[PDB]
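Input: a single structure, listed below in structure tokens.
All heavy atoms count here, side chains included; hydrogens, waters and symmetry mates do not. Sequence lines set the chain letters: A, B, ... in the order given, protein chains first and strands last, and positions in each chain run from 1.
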Amino acid sequence: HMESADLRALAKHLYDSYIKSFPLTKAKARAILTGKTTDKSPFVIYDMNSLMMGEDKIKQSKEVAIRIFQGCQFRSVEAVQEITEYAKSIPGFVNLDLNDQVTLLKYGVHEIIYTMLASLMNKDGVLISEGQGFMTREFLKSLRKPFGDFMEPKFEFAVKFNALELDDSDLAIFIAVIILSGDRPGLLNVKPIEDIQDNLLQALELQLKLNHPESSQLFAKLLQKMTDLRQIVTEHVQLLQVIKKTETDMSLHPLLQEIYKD
Amino acid sequence: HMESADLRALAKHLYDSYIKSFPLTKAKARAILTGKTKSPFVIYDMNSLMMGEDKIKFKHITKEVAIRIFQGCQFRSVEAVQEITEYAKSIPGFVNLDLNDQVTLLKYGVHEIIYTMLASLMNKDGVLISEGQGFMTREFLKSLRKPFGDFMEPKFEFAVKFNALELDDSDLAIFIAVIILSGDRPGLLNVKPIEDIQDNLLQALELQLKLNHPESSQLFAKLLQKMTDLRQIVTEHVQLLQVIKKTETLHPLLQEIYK
Ligand SMILES: COc1ccc(COc2cc(C(=O)O)ccc2-c2nn(C(=O)c3c(Cl)cccc3C(F)(F)F)c3ccc(Cl)cc23)cc1
Ligand SMILES: COc1ccc(COc2cc(C(=O)O)ccc2-c2nn(C(=O)c3c(Cl)cccc3C(F)(F)F)c3ccc(Cl)cc23)cc1
């Protein structure tokens with residue numbers, strides 16, 4: 001459909017914007033996690049005592065599980081802002097009907113947050129504070145009530161997603177494909193969204209073949225991962241609903257508040 | 001990896017087996033639904049249902065109307081499970097898998113393939129039954145009482161979207177094989193040969209769709225997306241089965257047949 005020279009151009013464009021939009025890349029996260037460096041090592045939070053020191057080292061007086069939860073939402077709000085900025089760079093997105101732009105972001109940001117959170121994860125924990133900290137999976141799993149169960153499904157996905165060994169240039173196109181989904185509820189003009197997604201899919205297909213030439217059917221394996229993404233988002237909102245019934249003492253950021261309607 | 005000549009041979013092998021395994025193909029069903037070919041008996045309300053149960057030889061009649069139709073769906077699904085089980089044995093490599101893994105793949109796969117293949121029998125207005133001798137309207141099914149009406153309509157809602165892809169039987173034979181060989185089913189013992197086979201099936205499906213739908217850009221990717229959806233739809237489906245088989249409280253022996 002599109003000449004390969006044009007598909008390579010689209011990949012370069014999107015990769016360029018991804019670097020401009022997202023401060024902590026997968027390449028940087030892997031350098032921090034795999035060590036070999038003395039200037040990039042994170043402070044590790046694994047228990048109540050190391051958390052207390054972490055607030056002093058890495059530089060709102062409530063229960064611990066609460067404090068950590070609000071820390072996540074703060075970062076999620078930032079991610080939404082970064083993702084919104086990235087989507088405006090996707091060719092054709094800002095030319096869509098304005099209601100559809102909103103609709104695509106509303107149902108797209110969480111699937112992308114989960115995708116990109118995997119970059120910050122290994123089987124034992126997750127980078128935080130722009131990579132200055134690292135909080136262990138075990139510590140997250142041991143938080144009380146429903147909060148302990150919140151964090152773990154992210155990890156089971158990440159371990160599976162990370163086995164695909166995608167780099168940032170692959171992820172930049174995958175993320176674009178997620179945003180331009182014509183099956184979001186309430187879309188007004190499905191067809192121009194599908195046309196954009198077709199080009200992005202072509203670009204993702206060629207990128208994955210060139211960048212992982214010994215990785216057979218990686219394109220198909222990557223698309224199937226959108227199953228896993230859909231299931232965790234559902235688990236996530238369902239757990240939020242429980243919290244929005246036990247903890248009437250707290251609420252969400254207006255941006256998250258509006259995202260989670262319908 | 002696989003030579004193109006080998007992928008076509010695999011596509012042909014699967015097509016031939018699919019034609020032998022399934023009584024009513026998509027091509028035959030489309031002929032019936034479009035009137036392009038003895039008209040099927042139409043069930044559109046309570047009175048014609050009663051006549052249809054007499055004229056058509058329903059094998060499942062042993063209660064309330066909405067119940068009876070539900071039991072017919074179950075009867076036909078149990079039939080389909082055996083038809084799919086027979087088809088999977090023709091998939092190159094399947095019978096050499098560990099026997100527990102063969103069972104596991106079928107246990108979690110049949111529901112997705114039944115939904116997929118039910119689309120072949122559907123249009124926006126109803127569904128073929130009894131090997132195409134009957135046709136029950138969408139409207140009559142949607143209007144069934146308590147949860148039964150909302151049970152039937154999601155099948156149609158999927159089918160309308162899936163059918164816009166305009167796959168034919170030779171496309172579907174490979175797609176069905178791909179679903180069966182899913183290496184992420186829980187409880188699998190030896191994932192590697194399952195993913196290896198699926199890798200070859202995926203190669204064959206990609207080539208089939210390019211030759212058979214050369215004007216249909218990224219149809220391969222679009223179909224893979226539908227395999228995703230199927231996962232969520234089956235989950236909603238089974239949950240509703242649990243409710244219907246719990247809120248709508250027959251014989252213990254029939255209960256075991258439909259476990
Ligand atoms: C103590 O300090 C911190 C501690 C943890 C974090 C979380 O790390 C993330 C990083 C990014 C990043 O950097 O892109 C992005 C997300 C998180 C993160 N969100 N989240 C949530 O529950 C969440 C999500 Cl997904 C989406 C919307 C709303 C929410 C929330 F409202 F319900 F909260 C997580 C749950 C578990 C884990 Cl392990 C990570 C996340 C940040 C700082
Ligand atoms: C006299 O009444 C009828 C007799 C036969 C039919 C034909 O129905 C099918 C045919 C095939 C065929 O021929 O390939 C295949 C499927 C059905 C059919 N399954 N199904 C289900 O709920 C269902 C499904 Cl999807 C998957 C797994 C298990 C089940 C079940 F266990 F929960 F049942 C339906 C729901 C609605 C409709 Cl409209 C059709 C189906 C319809 C009505």
Side-chain angles (χ1 to χ4, degrees), chain A residues 201 205 216-224 227, chain B residues 1-19 21-30 80 83-97 102 105-106 108-121 158-159 162-185 193-198 200-209 211-221 223-231:
Chain A
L201 284 169
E205 206 186 2
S216 188
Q217 292 298 308
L218 178 60
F219 181 65
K221 311 198 204 220
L222 182 52
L223 290 181
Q224 297 195 89
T227 280
Chain B
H1 191 231
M2 284 258 288
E3 220 70 21
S4 51
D6 296 351
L7 295 170
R8 298 312 292 144
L10 178 59
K12 201 206 184 330
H13 175 75
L14 293 174
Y15 177 58
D16 290 343
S17 171
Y18 171 107
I19 294 296
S21 300
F22 298 106
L24 207 185
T25 64
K26 183 177 187 178
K28 286 165 154 298
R30 294 295 124 179
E83 289 159 20
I84 297 163
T85 298
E86 189 193 317
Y87 175 66
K89 291 165 69 178
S90 79
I91 301 171
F94 182 83
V95 299
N96 302 312
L97 297 168
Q102 294 181 43
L105 292 173
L106 287 175
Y108 292 99
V110 288
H111 274 91
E112 296 168 8
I113 296 166
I114 290 168
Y115 259 83
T116 297
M117 287 183 77
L118 181 59
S120 294
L121 313 185
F158 173 78
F162 191 76
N163 288 347
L165 302 181
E166 301 186 351
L167 305 187
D168 70 26
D169 290 297
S170 57
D171 305 320
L172 287 166
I174 314 178
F175 182 59
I176 297 289
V178 171
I179 294 172
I180 293 173
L181 281 290
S182 303
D184 68 327
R185 304 307 187 183
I194 296 171
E195 289 187 315
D196 292 341
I197 296 166
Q198 202 194 43
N200 299 20
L201 296 167
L202 281 168
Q203 274 177 85
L205 178 59
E206 203 185 1
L207 179 59
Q208 165 72 17
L209 296 177
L211 296 175
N212 194 41
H213 307 275
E215 86 302 319
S216 189
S217 186
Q218 294 297 303
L219 180 61
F220 178 64
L223 185 51
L224 290 180
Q225 297 191 289
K226 287 286 166 318
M227 213 164 85
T228 277
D229 302 333
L230 277 173
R231 291 286 183 103

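- Panel note: side chain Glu86(B), backbone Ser21(B); no donor-acceptor pair is recorded below 3.5 Å.
- Rounded to the nearest 0.5 angstrom, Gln224(A) CD and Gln217(A) CD are separated by 9.5 Å.
- For the atom pair CG (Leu24(B)) and CG (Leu121(B)), the distance works out to 6.0 Å, reported to the nearest 0.5 Å.
- Scanning for ring-ring contact (aromatic ring centres under 6.0 Å, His included) contacts around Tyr108(B) gives an empty result, with sequence neighbours left out.
- In this structure, OG on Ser216(A) lies 8.5 Å from CG on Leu202(B), to the nearest 0.5 angstrom.
- Across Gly109(B) and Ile179(B), no two heavy atoms sit closer than the pair O-CG2, 4.5 Å.
- The nearest pair of heavy atoms linking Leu10(B) to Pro92(B) is CD1-CG, 3.6 Å.
- Smallest separation of non-hydrogen atoms from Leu201(B) and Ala177(B): CD1-O, 3.6 Å.
- Looking only at distances, a side-chain donor or acceptor of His13(B) sits under 3.5 Å from a matching main-chain atom of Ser90(B).
- Rounding to the nearest 0.5 Å places OG1 of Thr116(B) at 11.0 Å from NZ of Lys226(B).
- Listed by chain and number, the residues in a salt bridge (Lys or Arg N to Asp or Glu O under 4.0 Å) with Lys89(B) amount to none (sequence neighbours excluded).
- Contacts of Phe94(B) classified as ring-ring contact (aromatic ring centres under 6.0 Å, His included), with partners at least two apart in sequence or in another chain: none.
- The aromatic rings of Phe22(B) and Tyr87(B) are tilted relative to each other, their planes meeting at an angle between 30° and 60°.
- Residue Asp169(B) comes nearest to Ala27(B) through the heavy atom pair OD2-N, 2.9 Å, listed as atom of the first residue, atom of the second, then distance.
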Let's go through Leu205(B) and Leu223(B) carefully: what are the C-alpha distance in whole Å and the side-chain angles of both, what is the deciding distance for side chain to side chain contact (heavy atoms under 4.5 Å, CB included) to 0.1 Å, and is it a yes or a no? CA-CA 10 Å; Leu205(B) 178 59; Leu223(B) 185 51; 4.3 Å; yes

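- Residues that satisfy the salt bridge (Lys or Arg N to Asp or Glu O under 4.0 Å) test with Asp168(B), not counting sequence neighbours, are absent from this structure.
- In this structure the side chain of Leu219(B) reaches within 4.5 angstrom of the side chain of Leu167(B), judged on heavy atoms.
- Checked against side-chain contact (heavy atoms from CB on, under 4.5 Å), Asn163(B) has the following partners two or more places apart in sequence or in another chain: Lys26(B), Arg30(B), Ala119(B), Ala159(B).
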Would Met117(B) and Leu172(B) count as a side chain to side chain contact (heavy atoms under 4.5 Å, CB included) if you check the C-alpha gap in whole Å, the side-chain angles of each, and the deciding distance to 0.1 Å? CA-CA 8 Å; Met117(B) 287 183 77; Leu172(B) 287 166; over 6 Å; no

Would you check, one step at a time, whether the test side chain to side chain contact (heavy atoms under 4.5 Å, CB included) holds for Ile174(B) with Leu209(B)? CA-CA 10 Å; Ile174(B) 314 178; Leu209(B) 296 177; over 6 Å; no

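- Residues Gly183(B) and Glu195(B) approach most closely at CA-CG, 4.2 Å, considering heavy atoms.
- Side chain of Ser182(B) to main chain of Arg185(B): no donor-acceptor pair is present (N/O by atom type, distance under 3.5 Å, no hydrogens or angles).
- When atom types are taken as modelled, the side chain of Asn200(B) and the backbone of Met2(B) share no donor-acceptor pair closer than 3.5 angstrom.
- The minimum heavy-atom distance linking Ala11(B) with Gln208(B) is given by the pair CB-OE1, 4.2 Å.
- Under the rule for a side-chain hydrogen bond (donor to acceptor under 3.5 Å, both in side chains), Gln102(B) has no partner lying at least two apart in sequence or in another chain.
- For the atom pair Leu224(B) CG and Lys221(A) NZ, the distance stands at 12.0 Å (nearest 0.5 Å).
- Atom OG1 of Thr85(B) and atom CD1 of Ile180(B) lie 8.0 Å apart (nearest 0.5 Å).
- Here the side chains of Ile114(B) and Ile84(B) are in contact, with some heavy-atom distance below 4.5 Å.
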